[PDB]
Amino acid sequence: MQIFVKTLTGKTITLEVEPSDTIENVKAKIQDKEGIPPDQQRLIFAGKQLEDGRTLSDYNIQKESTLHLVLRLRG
């Protein structure tokens, strides 16, 4: 399924994923497209912080869902 990842700057990238992929796998796919290490990322879905070990299905993420990529965090 295709999902979207949006940044504070409005930049949107499209990912091809499976509901069984972990958040860790999604961050690796963001690295492949933007060159940003997974440890330098935070992903948010509908106000919820996404944790590394859980799956997209765990957060009910589906086709054409939009995740928010946070690139500034203090704490």
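Basically, rigid core = biggest C-alpha set you can superpose within 1.5 Å across the two forms. Note that residue numbering follows the sequence shown and begins at 1.
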{"property": "Greater Cα displacement in 6 other deposited structures of this protein once the core is superposed, comparing 52 to 60 with 5 to 13", "result": "5 to 13"}
{"property": "Greater mean Cα temperature factor according to the PDB record, 23 to 31 or 46 to 54", "result": "46 to 54"}
{"property": "Chain third (lowest, middle, highest) by recorded CA B-factor, residue given as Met1", "result": "highest"}
{"property": "Where the record places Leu67 (Cα B-factor, split into thirds across the chain)", "result": "lowest"}
